[PDB]
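Colleague: Protein chains in written order, with the deposited numbering: chain e, 1 to 105; chain N, 1 to 344; chain b, 4 to 83; chain a, 1 to 68; chain J, 1 to 171; chain H, 1 to 318; chain A, 1 to 115; chain X, 1 to 114; chain K, 1 to 98.
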Amino acid sequence: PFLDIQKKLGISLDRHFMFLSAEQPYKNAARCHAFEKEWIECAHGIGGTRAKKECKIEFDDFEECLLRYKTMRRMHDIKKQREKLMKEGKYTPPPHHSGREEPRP
Amino acid sequence: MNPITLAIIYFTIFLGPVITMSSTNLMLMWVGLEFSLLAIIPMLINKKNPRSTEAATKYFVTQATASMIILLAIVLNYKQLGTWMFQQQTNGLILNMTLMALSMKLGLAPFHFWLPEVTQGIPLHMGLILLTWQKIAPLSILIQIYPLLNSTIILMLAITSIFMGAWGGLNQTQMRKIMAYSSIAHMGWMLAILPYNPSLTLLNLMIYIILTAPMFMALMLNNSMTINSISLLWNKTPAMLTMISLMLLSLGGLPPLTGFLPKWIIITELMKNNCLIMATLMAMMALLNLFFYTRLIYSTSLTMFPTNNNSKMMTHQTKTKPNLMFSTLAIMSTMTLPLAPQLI
Amino acid sequence: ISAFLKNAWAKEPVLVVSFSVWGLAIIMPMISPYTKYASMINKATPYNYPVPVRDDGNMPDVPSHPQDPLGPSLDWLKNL
Amino acid sequence: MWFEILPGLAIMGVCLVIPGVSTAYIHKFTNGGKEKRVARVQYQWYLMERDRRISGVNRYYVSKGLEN
Amino acid sequence: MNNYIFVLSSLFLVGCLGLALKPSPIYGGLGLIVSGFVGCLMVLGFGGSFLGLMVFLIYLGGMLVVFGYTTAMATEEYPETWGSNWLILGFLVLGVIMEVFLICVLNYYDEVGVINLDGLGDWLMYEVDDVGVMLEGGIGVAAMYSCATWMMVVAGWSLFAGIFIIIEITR
Amino acid sequence: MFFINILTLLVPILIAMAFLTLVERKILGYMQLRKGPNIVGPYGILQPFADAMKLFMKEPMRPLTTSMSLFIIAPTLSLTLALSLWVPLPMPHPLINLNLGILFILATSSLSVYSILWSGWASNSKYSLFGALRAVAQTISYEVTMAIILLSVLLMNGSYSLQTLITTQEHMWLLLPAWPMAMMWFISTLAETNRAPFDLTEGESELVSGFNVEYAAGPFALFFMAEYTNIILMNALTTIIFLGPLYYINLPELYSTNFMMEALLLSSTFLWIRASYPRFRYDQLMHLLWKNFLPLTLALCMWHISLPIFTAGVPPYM
Amino acid sequence: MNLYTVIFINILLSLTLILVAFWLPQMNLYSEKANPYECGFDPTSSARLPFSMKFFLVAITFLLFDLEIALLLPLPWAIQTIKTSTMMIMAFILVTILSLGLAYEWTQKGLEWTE
Amino acid sequence: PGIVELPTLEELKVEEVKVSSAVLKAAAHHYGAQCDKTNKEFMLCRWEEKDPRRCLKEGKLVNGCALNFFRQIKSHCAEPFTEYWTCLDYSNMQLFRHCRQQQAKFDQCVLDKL
Amino acid sequence: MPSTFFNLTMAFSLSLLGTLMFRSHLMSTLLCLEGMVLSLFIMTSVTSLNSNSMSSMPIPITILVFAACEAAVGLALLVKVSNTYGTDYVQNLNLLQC
């Protein structure tokens, strides 16, 4: 920060709930805990300009966990192809996806 | 105002920015800005006249929107990255919206239309705080995120602030608006360099404060708010013309006074990055910033105006108002250039 | 001041009760011995799974089973 | 006389008693000899979804026991 | 019931749009109330009860004061409903139509990534904890009393000092 | 079968409203040394139906100065909220089991205010607006105390669920721990519902039937039955919270019966109070309910925060 | 959907009831019955004019106290934490601060109305 | 880029408990003492190794120990346990407190035997 | 979720457009500010419930607190404006230019 009075005195008024992997009230993990932890543990000691390209894989995995865009694309593609095939009459959905399965437990 | 209320309000004014500095969460940052907002309005509206009501309404309504825009930027960052800090690999639109709202908070052009109005609508104090202390936390936001700002609108806004402050102060007979347009121009000089060694932004800020505070005191000593009122100063308190002159000529940056150091070193660090013609334009409109200061100091120190018959009563009585800090701040301005390497 | 409070118990007894109850709420936690069992009871509640631990071979005080002698005996909560 | 108010009070009381016993018996009738399950936390909902998928019929209130 | 959340969001957009057209503060407060209701409903749809209930309560208690004020200050002889102005009615119709056309446009230039009409309702809750207890909203807010006690003091100071500010502005 | 449950919850509540009107008139009569209705039925058990039918045969008033939309919509909202408030009520097993029932009640009532407050504005007239602003003042007065009272009371229950109070009161009532909170809750239920001495919105001698002076027919009837439904609701809330009846898991109809008894007692108490006292002033109500009730309310909230701790009586989260 | 259903049922009851109230009876409309009451005589002006409110400060502080309620209301969950001292002190501070503000307003005659 | 590995259907085909939740809440306190070793091994693997695919067999041992447990309860103390869980399943939150007398029968049976 | 976040951001933008583009009254501007607050609240709350970040859930209550204080002082300024001019209009506030 501008005036690191917290680091001066060792207190944490606000710098302990800065992100997701940070002390949820009872120990319930937020989603992308692992991804954010890994990104942050890569980007430590480094600052900025070097972390933005030496810790890019981990940030990209985090971004896909949180915003989760490529899985939307993947399922949308699978669904679109399925609808095309069912319209053409090529695909035949099974019982365990039409609503008739043997429940496991 | 009773003392409990003054304690509360001034504590809140002091704690707004202090929360803004000593906070890594952008949301407590926003909280500090809102304390600065809330606590200013009582003392803006203290004298209870239409001018004060208008000033307070304009201030409030302009700052609330900027606050909401900053909160939007913060919430969009939280959605994007799941954190409360503007990292790298944020969206330039988020960062630019933050910059726009912060410029609306400061008073930069083309968001400058409210500052001279509000400043005229309020006493000399509450112009000092508004122009000096309220500028410090909004600047702290930018200083904390300087390698993330786009270096283009940061400079267009600075250039607009320079030009418009110069042109507006060219024709203002009211002093409370001259100070406002000076604020606009100096915030322009700051914001231009803020992506380039932001230590110089704080340098210009400190120099600007040290120049404006004693100037406001000078206006306070006789409640001067006009060229014609400051011109009746060779009779009332004529021992102040020396310092007023040197302070105005430091504000409009002339070399032997320390108010040229920020512009000089800013031009240096801007030519170190091939930002040449922008610095040329800025340096050439700072001259027009100097012109109306020169007109003013003609009017008050070099070409003594007519006075009145009733101004002899002021000579009969005595005064106590100079707070002993006017001297220190006026002399540490105007005479501290040879100590500039210790300032940088 | 005793006379002042005597007057205030007749005129405006609602604020007297209020200040009395405020001071009592602040002072009585300092007095009781039962005040400390509250945090202990809130701690005893197992909302989340007690995750087992690897036997390093150097965990004597840690039990090998639920109903072993070791660990915090919650019999202070019984017959409190 | 004051006992001429008891008719209206009696209709009022017979009408205020029905919303409770009616809800209780409707619950027992649909869910079957059982109070309607409260699911205030996700764990109870998990238990009920489980018991649904155990049944063979999509009903959480058959209570398969030690015949399995 | 898969388009539930999209309908709620669209209704909220329309409430805030009719707000932004600015009829008298009576109908503006009506819009605030309806939009806060819708906000509560979607905050519940995403698994949050307390926050929605509190938006509802706060905005109701606020629009009460807005009614009390606007009867005194922001009142006219003819309070200018949405229908009062043909131009406002036209911009309202045009805004509905424009947002519909915009949604149908961005559902084309990007198959998915900003809006998914095709898969709608499939991406709401994102990894629920199927087995859980002591997990609702309210624990996180009650952390204002433990592990986030600076939010509590700073908020309390805002309210406290706001009282003094009120008295001074009004005096 | 859920719709049959809706019936068994909704139609008897409406008959209860209708006969509460009769009970009000007759009790006020006998307190006033007269016999109320005893003509139209045997002992006047048809006057409510007569009133309803006659009100729905009268021509409604659509004035010229009015805002017809809010005008027609406000009684709708009034009855809808009065009738949705009965939904989570555990008597003992509710129709809709919510985890934040008391917040549902609070928000629903704070929205029920807007019926009065929009009908009064829409009905463009003077006494109408007077009633509206008096409603604003009334709500400003009572809402804070209602919430903090209810907080302090449930601070020994452990949750906002209404059904947990039954187990909180398995061996005792919450009236002996909190009789002061119960007093203030009762009088805030009396300020809510616009019931005498805190009527101040249809104050026939101050205003000429505020917020209903322009309403004639079934709309006015809707406002009427909304009021007389909220009365029974608030008595049901007081007797679920403080006067906790006996659950007895095998005998739940016992809970329902004792609930009936206590609710009738407290409603008859409302009518009694109408008959006995004069009306407050809507500024005196503020002075009362800020300068007497809110100090003691905050003090007792402090007390009820301390009390789970220094007694080791922190309740459970389910 | 149970709750949605209950509310729709109540809604439709109210609307069917209003439909009956309007389209069942007879109508004889004319301008002298559809104009505002004002007790036999005619109004001297419109009701859509300023009604000076004399408890506005009380309204605003009611808003702030509503926020105080919103801050106090998480306590039933705050009590099942392990600390039970920080929450105690912080709730004490919040309530005491609110009471101090109420006392300042009271003494400064903010709860009194603007005559 | 990298394919996800997953087990086959027959790497999950398992003899399931097929047993309800009140029947199970009743015997919870005995299933926590008996069949604790396997359960705690499965927990340690499931939390030490953050992959389900790396612990299927410990889950299968968990299911096996539970089946053995209820087989003991069936061959011994089936009627009192039946009464216990039947009375427990009546409630809406499945409260032990309302059935405190059938606990006695079940516990005395399962104590005098085993 | 992306759909509703888009819609909520567009709602914020509409309320911002509103409070920028003035009309005669000021109360409407304050209401537009309240609408912006509400949309920001819902965005924060939905992000927190999605991510299951119960540590950030104290943020929206703070938003409501400070926004309501903002509304309070705005309404007090409105009281002063009416006491001066009488009619709430923002066109009468045109004497600081001179």
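Ideal Cβ positions, reconstructed from N, Cα and C, are used throughout, including at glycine.
Could you pull out every unbroken alpha helix (DSSP H) segment of at least 4 residues lying fully inside the segment 186-265 of chain H, listed in chain order?
Modeller: DSSP runs (the alpha helix (DSSP H)) wholly in the segment 186-265 of chain H: 218-241.
Colleague: Can you give me, in chain order, the residues of the segment 14-33 of chain b that have a beta carbon less than 9 Å from any beta carbon in chain A?
Modeller: Per Cβ criterion, the list reads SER21, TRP25, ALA28, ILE29 and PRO32.
Colleague: Going along the chain, which residues of its own chain have a beta-carbon closer than 6 Å to the beta-carbon of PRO198(N), five neighbours each way excluded?
Modeller: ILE143 and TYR146.
Colleague: Could you give the distance in angstroms between the alpha-carbon of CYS40(J) and the alpha-carbon of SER69(H)?
Modeller: If I take the Cα positions, the gap works out to 25 Å.
Colleague: Alpha carbon to alpha carbon, what distance is there between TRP86(J) and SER46(A)?
Modeller: Computed Cα separation, rounded: 25 Å.
Colleague: Please specify which runs of the beta strand (DSSP E), each continuous and at least 3 residues long, are wholly inside the segment 44-91 of chain X, giving them in chain order.
Modeller: Here no run is fully enclosed.
Colleague: Would DSSP call residue 1(b) helix, strand or coil?
Modeller: Coverage of chain b is limited to positions 4 through 83, which leaves residue 1(b) absent and any answer about it impossible.
Colleague: Using a Cβ cut-off of 9 Å (strictly closer), state whether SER51(K) contacts chain e.
Modeller: For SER51(K), the answer is yes, since a Cβ of chain e falls inside 9 Å of its Cβ.
Colleague: Tell me the DSSP secondary structure of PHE19(e) in three-state form.
Modeller: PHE19(e) falls in the strand class under three-state DSSP.
Colleague: By Cβ distance below 8 Å, which residues in the same chain neighbour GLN44(a) in space, the five residues on each side in sequence not counted?
Modeller: The residues are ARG37 and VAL38.
Colleague: Locate the alpha helix (DSSP H) running through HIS25(K), then write down its first and last residues.
Modeller: Unbroken run through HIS25(K): none, as it is neither H nor E.
Colleague: In the DSSP assignment, find the alpha helix (DSSP H) that holds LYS47(N) and state where it starts and stops.
Modeller: Here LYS47(N) belongs to no alpha helix (DSSP H), and DSSP marks it neither H nor E.
Colleague: Tell me, to the nearest whole angstrom, how far the beta carbon of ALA226(H) is from that of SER78(H); I am working on the premise that it is less than 8 Å.
Modeller: 4 Å between Cβ atoms; contact.
Colleague: Can you list the residues of chain a that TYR43(H) reaches, using a CB-CB cut of under 7 Å?
Modeller: Simply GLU4 and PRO7.
Colleague: How big is the Cα-Cα spacing for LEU57(A) and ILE167(J)?
Modeller: When rounded, the distance between both Cα atoms is 7 Å.
Colleague: Within 10 angstroms of its Cβ, does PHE29(a) collect 16 or more other Cβ (buried), or is it exposed?
Modeller: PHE29(a) should be labelled exposed.
Colleague: Can you confirm whether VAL314(H), when its beta carbon is compared against all beta carbons of chain b, has any partner nearer than 9 Å?
Modeller: Judged by the 9 Å Cβ criterion, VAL314(H) is in contact with chain b.
Colleague: Of the residues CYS77(X), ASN92(X) and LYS13(X), which one's Cα is nearest the Cα of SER21(X)?
Modeller: Ranking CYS77(X), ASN92(X) and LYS13(X) by Cα distance to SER21(X) puts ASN92(X) first.
Colleague: Taking any Cβ of chain J, which residues in the segment 12-44 of chain a have a Cβ under 8 Å from it, in chain order?
Modeller: If the cut-off is 8 Å between Cβ atoms, the segment 12-44 of chain a has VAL41, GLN42 and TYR43 near chain J.
Colleague: By the DSSP assignment, the alpha helix (DSSP H) with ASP60(e) in it spans what residues?
Modeller: Its alpha helix (DSSP H) spans residues 56-66.
Colleague: Could you confirm whether any beta carbon from chain N is found closer than 9 Å to the beta carbon of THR49(e)?
Modeller: It does: the Cβ of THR49(e) has a partner Cβ on chain N nearer than 9 Å.
Colleague: Taking Cβ-Cβ distances shorter than 8 Å, what residues in chain X pair up with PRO105(e)?
Modeller: Chain X residues near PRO105(e): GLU16, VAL17 and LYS18.
Colleague: Under 9 Å, Cβ to Cβ, is there at least one residue of chain H near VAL43(J)?
Modeller: No, no contact with chain H.
Colleague: Using a Cβ cut-off of 9 Å (strictly closer), state whether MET86(e) contacts chain J.
Modeller: For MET86(e), the answer is no, since every Cβ of chain J falls outside 9 Å of its Cβ.
Colleague: So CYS45(X) and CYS55(X) are in contact, right, with Cβ under 8 Å, and what is the actual spacing, rounded?
Modeller: Rounded, the Cβ-Cβ distance is 4 Å, consistent with contact.
Colleague: Note the first and the last residue of the continuous alpha helix (DSSP H) segment covering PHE292(N).
Modeller: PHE292(N) -> alpha helix (DSSP H) spans 276-297.
Colleague: Any beta carbon from chain H within less than 9 Å of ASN82(b)'s own beta carbon?
Modeller: No, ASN82(b) lies away from the interface with chain H (no Cβ there is under 9 Å from its Cβ).
Colleague: Quick check: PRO177(H) and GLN80(A), are their CB atoms within less than 9 Å of each other?
Modeller: Result no, Cβ atoms of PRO177(H) and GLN80(A) do not sit closer than 9 Å.
Colleague: Can you say whether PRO76(A) is buried or exposed, counting buried as having 16 or more other CB atoms within 10 angstroms of its CB?
Modeller: It counts as buried.
Colleague: Please state whether DSSP places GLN91(K) in a helix, a strand or coil.
Modeller: In this structure, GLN91(K) counts as coil in the three-state DSSP scheme.
Colleague: Determine the closest residue to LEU221(N) out of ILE9(N), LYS321(N), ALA137(N) and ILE267(N), with distance taken between C-alpha atoms.
Modeller: Residue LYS321(N) is the option with its Cα nearest to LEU221(N).
Colleague: What are the residues that DSSP puts in a beta bridge with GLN174(N)?
Modeller: Looking at the DSSP assignment, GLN174(N) forms a beta bridge with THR226(N).
Colleague: Along chain H, which residues have their Cβ under 9 Å away from the Cβ of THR71(J)?
Modeller: Here the neighbours are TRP121, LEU129, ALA132, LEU133 and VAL136.
Colleague: Measuring only the C-alpha atoms, how far is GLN342(N) from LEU203(N)?
Modeller: Cα-Cα distance, rounded: 11 Å.
Colleague: From the beta carbon of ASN116(J), is the nearest beta carbon of chain K less than 9 Å away?
Modeller: It does; some Cβ of chain K falls within 9 Å.
Colleague: Select from the segment 294-305 of chain H all residues with a C-beta closer than 8 Å to any C-beta belonging to chain b, and list them in chain order.
Modeller: Hits within the stretch, in order: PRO295, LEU296, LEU298, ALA299, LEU300, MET302, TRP303 and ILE305.
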